[PDB]
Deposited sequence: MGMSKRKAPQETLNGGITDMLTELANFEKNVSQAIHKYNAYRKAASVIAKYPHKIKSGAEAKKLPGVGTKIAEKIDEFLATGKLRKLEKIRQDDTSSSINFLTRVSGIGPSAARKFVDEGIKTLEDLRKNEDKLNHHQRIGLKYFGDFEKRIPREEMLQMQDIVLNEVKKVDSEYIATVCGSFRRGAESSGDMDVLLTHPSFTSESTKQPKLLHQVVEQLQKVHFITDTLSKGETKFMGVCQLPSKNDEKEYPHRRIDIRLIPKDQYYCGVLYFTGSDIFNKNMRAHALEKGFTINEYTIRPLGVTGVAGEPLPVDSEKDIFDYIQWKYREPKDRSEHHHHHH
């Protein structure tokens, strides 16, 4: 049903291999950019030289596309699929907190399966231990109905802590997705500005007291990463990833732009900002110094002002998701 789905799946799989096995994050990012520009292309790709016209597809991917169109497979991928070490390394990196490095370490020490991982809980740090505990739950996506229920608990508890907080659910939810991988809550409070608690900790602690937050992956002064769960209906819902991030109140628009994603959109926007002579992060957009210090932050009164600076047409959150096209 997906136009060019065979091609985009091949490139994604190559991506994951370069990240997890090769530890080559820019090759990962290259395959992702290629899968992405191909996914958004509104025609069926006839040949490698056709895909090559797209930014991000070059000689080597063009050849893989010719091989794939011609044979229905890619020998490079068949060999990777046959490498049990590579397969186990890929699998282990699905646990939150285990990356390419840890994964290879565990596999080299003979941990190759989920059971093997469970038997070796003592090798895992806290984050990894919690990732493992909820591995099955974290594989499932969250229906938007349940995201609405989750949003209701979060906003009500935050308002009980202090009515000056504003919490906004971002990520895929704000982009209008019909399901989400986690819940991203952007939080502000007038006591925390770029110039100026316990602000985050008070919120987290209140969510724990009402048994909504069940576990913590990591937690600092400005960012919480953890686990939550909706109250059961009779006798249970899966446990869910939740990210909460306090951002400076005077820097809300850069913050919400960031927290809305998608991942690929944000990166592409920042790459286009560099080309135009700016640097964008979640707090500011700044001109690049002739030296190599960014200069003073530019004024921003809306999401659109950020786009304007880098000469990009404004996109509504729903148009910042990745998309694909279909065939009959």
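- Coordinate coverage of the deposited sequence breaks at 1-10, 207-209, 249-250, these segments carrying no C-alpha atoms.
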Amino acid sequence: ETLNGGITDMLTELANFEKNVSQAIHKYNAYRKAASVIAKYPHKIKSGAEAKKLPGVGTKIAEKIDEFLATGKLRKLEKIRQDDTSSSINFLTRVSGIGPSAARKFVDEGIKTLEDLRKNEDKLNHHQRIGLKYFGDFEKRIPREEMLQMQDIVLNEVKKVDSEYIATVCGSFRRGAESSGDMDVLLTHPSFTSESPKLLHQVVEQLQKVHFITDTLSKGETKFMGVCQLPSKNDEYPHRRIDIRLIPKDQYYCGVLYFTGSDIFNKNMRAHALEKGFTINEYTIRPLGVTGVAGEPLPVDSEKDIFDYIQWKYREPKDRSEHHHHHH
From here on, numbers count along this sequence of modelled residues.
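Superpose the two forms; the largest set of C-alphas matching within 1.5 Å is the rigid core.
- After superposition on the rigid core, the larger root-mean-square Cα deviation in 7 other deposited structures of this protein belongs to 68-76, not to the other of 121-129 and 68-76.
- Superposition on the core shows that, in 7 other deposited structures of this protein, the C-alpha atoms drift more in one of 268-276 and 28-36; this is 268-276.
- Averaged over their C-alpha atoms, the temperature factors of 46-54 and 277-285 are higher for 46-54.
- Taking the PDB entry as given, 77-85 carries the higher mean Cα B factor of the two stretches 77-85 and 176-184.
- Looking only at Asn268, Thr59, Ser262, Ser36, the residue with the top Cα B factor in the deposited structure is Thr59.
- Within the listed group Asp122, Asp250, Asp243, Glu146, the record reports its top CA B-factor for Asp122.
- Among all modelled residues in its chain, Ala70 ranks in the highest third by Cα B-factor.
- Remark: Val300 belongs to the middle third of its chain, ranked by C-alpha B-factor as recorded.
- In the deposited entry, the Cα temperature factor of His127 sits in the bottom third of values across the chain's modelled residues.
- In the deposited entry, the Cα temperature factor of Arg104 sits in the bottom third of values across the chain's modelled residues.
- In the deposited entry, the Cα temperature factor of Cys254 sits in the bottom third of values across the chain's modelled residues.
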